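Working notes for the structure below.
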Amino acid sequence: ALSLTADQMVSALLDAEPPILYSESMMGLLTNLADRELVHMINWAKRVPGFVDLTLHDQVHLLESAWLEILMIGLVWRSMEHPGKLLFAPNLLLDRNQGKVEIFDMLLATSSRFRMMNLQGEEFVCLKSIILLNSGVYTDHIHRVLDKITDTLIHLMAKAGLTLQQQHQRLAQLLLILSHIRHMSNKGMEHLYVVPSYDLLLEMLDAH
Amino acid sequence: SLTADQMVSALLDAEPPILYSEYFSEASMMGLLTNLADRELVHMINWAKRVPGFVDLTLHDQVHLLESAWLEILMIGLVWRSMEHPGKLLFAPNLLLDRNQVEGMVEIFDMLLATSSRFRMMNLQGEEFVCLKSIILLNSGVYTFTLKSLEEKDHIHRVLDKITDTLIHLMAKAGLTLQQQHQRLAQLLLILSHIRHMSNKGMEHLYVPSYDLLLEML
Ligand SMILES: CCCN1CC[C@H](CSc2ccc([C@@H]3c4ccc(O)cc4CC4(CC4)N3C(=O)c3ccccc3)cc2)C1
Ligand SMILES: CCCN1CC[C@H](CSc2ccc([C@@H]3c4ccc(O)cc4CC4(CC4)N3C(=O)c3ccccc3)cc2)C1
């Protein structure tokens with residue numbers, strides 16, 4: 001799994017992207033959307049190179065720690081080309097006045113930062129994979145997979161013609177946004193208080 | 001226009017002192033810890049004013065950054081002081097606690113010990129530590145802030161890019177390959193995500209310096 005080249009890493013992550021779901025009272029709608037997204041997030045996670053080499057127990061615990069950050073970065077990515085709004089679904093585009101908002105504004109600020117940086121889709125899927133592997137790690141294989149996502153990000157920035165200086169500056173800019181995504185997830189849990197159970201996540205993993 | 005070497009030296013020179021507790025009971029512990037944190041906050045203000053680029057910001061923005069970052073900064077300082085003492089948190093040289101020494105305190109205690117362990121595994125260097133602490137100051141509040149606010153953010157990101165350049169410089173100096181430099185840069189910056197996590201958890205557990213207090217010292 002660690003033998004993939006950088007381009008093969010990118011290709012695998014792009015191929016594993018989950019579909020964009022539609023909405024089926026605001027907060028029942030958004031909860032139900034999140035619930036349906038979580039199954040597709042599990043299928044995605046199983047395709048992040050290195051993830052399924054962990055025990056099922058450690059897979060579940062990484063998902064327990066990461067699932068809200070992953071929903072949020074996906075939302076921010078979708079909303080990136082809709083200034084001042086959040087595209088929860090293609091049939092569910094909300095502005096902040098429908099938000100009444102503190103967390104809404106943080107998400108909008110993240111999407112605008114992504115817009116400023118002209119975040120690329122190949123960079124997005126790497127960041128999402130880092131969240132998966134990193135959010136639960138504090139609580140050797142995981143670190144080896146994280147290092148090769150770093151190698152892959154740097155490879156993408158070199159391919160785009162950035163200087164070596166610009167590469168490390170951009171790498172750092174992107175990883176600092178992950179601190180803000182963590183902050184939003186923490187404030188989001190406080191607001192939503194919700195957590196998918198160990199057994200629910202385990203069932204969606206569909207063990208052999 | 002500071003070089004990386006000048007950035008490192010300025011940050012090392014700005015380091016606050018390690019403070020002591022007064023010269024044990026569980027019942028007085030939180031009072032001692034709060035008194036220590038209060039005294040450290042005064043020195044943290046002086047340190048912040050010496051982080052290159054910080055005092056170029058408006059007073060209002062300086063307060064907002066410190067408002068967002070002060071707990072993360074106390075926490076990373078504690079983890080650094082604790083790094084050579086496995087299983088312990090060295091709040092002060094005369095206040096060294098283990099995890100057996102309040103509801104929800106041990107959960108945060110454990111996250112801090114895990115950060116200390118991570119520092120040891122990576123053999124974190126003092127020059128890297130001071131860079132990380134300056135990044136926290138400039139970054140933690142930069143997504144929760146007019147033409148003046150756009151100029152401020154620009155400056156903050158230019159200072160952050162300089163610190164990235166400085167970290168890479170330090171790592172290259174230590175003989176790391178270029179792959180190893182990027183890998184370690186990422187490893188260090190991902191630690192900042194965990195420090196943010198502990199700050200949010202800590203705020204929940206502690207429930208704070210006022211703007212006027214921060215403005216008065218600033
Ligand atoms: C078994 C039941 C457990 N399920 C139920 C709990 C657990 C799910 S709870 C839950 C999770 C997510 C949301 C949505 C939602 C939905 C889809 C998506 O892609 C993103 C978001 C973003 C956001 C999380 C911040 N959100 C809000 O509503 C929000 C947005 C901006 C400001 C404030 C609140 C809503 C509810 C799993
Ligand atoms: C008038 C403004 C009020 N002042 C404004 C600053 C003051 C704010 S409150 C406050 C801040 C800090 C702590 C200490 C403390 C002290 C010094 C230090 O270097 C680090 C720490 C770490 C830690 C914060 C997590 N802590 C705990 O006790 C703790 C530790 C592990 C698990 C759980 C709790 C304690 C209280 C109050």
Side-chain angles (χ1 to χ4, degrees), chain A residues 109-110 112-114 116-117 157 162-180 183, chain B residues 1-16 44-45 47-70 72-73 76-77 125-142 144-157 159-173 181-182 184-186 188-193 195-196 199 214 218:
Chain A
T110 307
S112 295
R113 177 68 179 150
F114 275 9
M116 298 292 83
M117 282 178 75
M157 287 153 199
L162 270 59
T163 62
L164 267 181
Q165 186 178 38
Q166 284 169 323
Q167 289 169 38
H168 63 247
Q169 288 181 352
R170 186 168 178 91
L171 179 55
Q173 285 155 20
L174 286 181
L175 298 179
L176 287 182
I177 297 166
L178 298 192
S179 282
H180 182 59
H183 179 80
Chain B
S1 66
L2 298 190
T3 66
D5 178 84
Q6 290 160 353
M7 178 58 72
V8 169
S9 289
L11 287 181
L12 290 171
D13 290 1
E15 267 298 278
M44 186 199 295
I45 304 302
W47 164 79
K49 292 185 66 186
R50 295 178 69 184
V51 173
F54 186 75
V55 288
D56 297 333
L57 299 171
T58 66
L59 160 63
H60 177 293
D61 287 346
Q62 289 175 49
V63 175
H64 174 79
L65 289 180
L66 272 165
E67 187 182 20
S68 295
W70 68 269
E72 283 169 284
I73 294 166
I76 192 176
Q125 299 295 294
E127 298 89 352
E128 288 169 331
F129 165 69
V130 300
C131 286
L132 288 179
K133 186 168 70 170
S134 293
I135 288 167
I136 292 170
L137 176 65
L138 290 167
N139 178 71
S140 294
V142 73
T144 59
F145 278 118
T146 54
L147 191 51
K148 186 182 209 191
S149 80
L150 274 292
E151 288 165 354
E152 298 273 280
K153 292 181 182 180
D154 184 75
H155 176 70
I156 288 167
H157 285 132
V159 178
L160 282 164
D161 288 339
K162 183 62 82 193
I163 303 168
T164 300
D165 297 344
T166 300
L167 277 169
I168 287 293
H169 168 89
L170 291 172
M171 285 176 199
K173 194 189 296 182
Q181 291 169 40
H182 308 148
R184 188 170 178 88
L185 175 66
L188 287 182
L189 297 181
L190 284 179
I191 297 178
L192 296 188
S193 274
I195 292 167
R196 182 78 57 97
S199 178
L214 295 173
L218 281 163

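Letters A, B, ... are given to chains in the order of the sequence lines, protein chains preceding strands, and every chain is numbered from 1.
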Item checked: For the student: nearest non-hydrogen atoms of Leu171(A) and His182(B), plus distance -> CD2-O, 3.8 Å
Check: Can you tell if the side chain of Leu174(A) reaches within under 4.5 Å of the side chain of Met117(A), non-hydrogen atoms only?
Finding: yes
Next item on the list: Can you measure from NE2 (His183(A)) to CD (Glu72(B)) and round to the nearest 0.5 angstrom?
Entry: 8.5 Å
Next item on the list: Let me see the working for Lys153(B) and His157(B) under side chain to side chain donor-acceptor pair (under 3.5 Å), right down to the final yes or no.
Entry: CA-CA 6 Å; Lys153(B) 292 181 182 180; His157(B) 285 132; over 6 Å; no
Note to self: Within the 3.5 Å criterion, strictly below it, is a donor on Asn139(B) or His180(A) matched to an acceptor on the partner's side chain?
What the structure shows: no
Note to self: Could you check whether any side-chain heavy atom of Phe145(B) comes within less than 4.5 Å of a side-chain heavy atom of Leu150(B), counting everything from C-beta outward?
What the structure shows: no
Item checked: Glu127(B) and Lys173(B) ion-paired at < 4.0 Å -> no
Notebook entry, point to check: Between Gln6(B) and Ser9(B), does a side chain to side chain donor-acceptor pair (under 3.5 Å) hold up when you go through it step by step?
Noted result: CA-CA 5 Å; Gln6(B) 290 160 353; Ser9(B) 289; over 6 Å; no
Margin query: Any side-chain to backbone donor/acceptor pair from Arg196(B) onto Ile136(B)? Under 3.5 Å, distance only.
Written below: no
Item checked: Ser134(B) to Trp47(B) - nearest heavy-atom pair and separation -> OG-CZ2, 3.8 Å
Margin query: Measuring from atom CG of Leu65(B) to atom CD1 of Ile156(B), what distance do you get when rounded to the nearest 0.5 angstrom?
Written below: 5.0 Å
Next item on the list: Considering non-hydrogen atoms only, spot the tightest contact between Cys131(B) and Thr166(B) and give its length.
Entry: SG-CG2, 3.8 Å
Notebook entry, point to check: Closest heavy-atom contact between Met44(B) and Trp70(B)?
Noted result: CE-O, 3.4 Å
Note to self: What's the separation between atom CD in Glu128(B) and atom CD1 in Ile191(B), rounded to the nearest 0.5 Å?
What the structure shows: 9.0 Å
Notebook entry, point to check: Okay, side chain of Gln62(B), backbone of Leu57(B): is any donor-acceptor separation there less than 3.5 Å?
Noted result: yes
Notebook entry, point to check: Within the side chain of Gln181(B), is there an N or O that forms a donor-acceptor pair under 3.5 Å with the backbone of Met171(B)?
Noted result: no
Item checked: Note, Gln125(B) side chain near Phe129(B) side chain (heavy atom, < 4.5 Å) -> no
Notebook entry, point to check: Is it true that the side chains of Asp161(B) and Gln173(A) contain a donor and an acceptor less than 3.5 Å apart?
Noted result: yes
Checklist line | Pairwise distance CG(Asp61(B)) to CD(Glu67(B)) - rounded to 0.5 angstrom | finding: 11.5 Å
Check: So, for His64(B) and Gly141(B), which heavy atoms are closest and what is the spacing to 0.1 Å?
Finding: NE2-O, 2.8 Å
Checklist line | Taking every non-hydrogen atom, the tightest pair across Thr58(B) and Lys148(B) | finding: CG2-CE, 3.7 Å
Next item on the list: Give, for atom CE of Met7(B) and atom CG of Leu167(B), the distance between the pair rounded to the nearest 0.5 Å.
Entry: 10.5 Å
Notebook entry, point to check: So, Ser149(B) and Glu152(B): side-chain donor and acceptor under 3.5 Å apart, yes or no?
Noted result: no
Notebook entry, point to check: Is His60(B) atom NE2 crowded by more than 12 heavy atoms from other residues, nucleotides or ligands, each under 6.0 Å away?
Noted result: no
Notebook entry, point to check: Okay, side chain of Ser140(B), backbone of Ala69(B): is any donor-acceptor separation there less than 3.5 Å?
Noted result: no
Checklist line | Distance (rounded to the nearest 0.5 Å) between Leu189(B) CG and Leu178(A) CG | finding: 9.5 Å
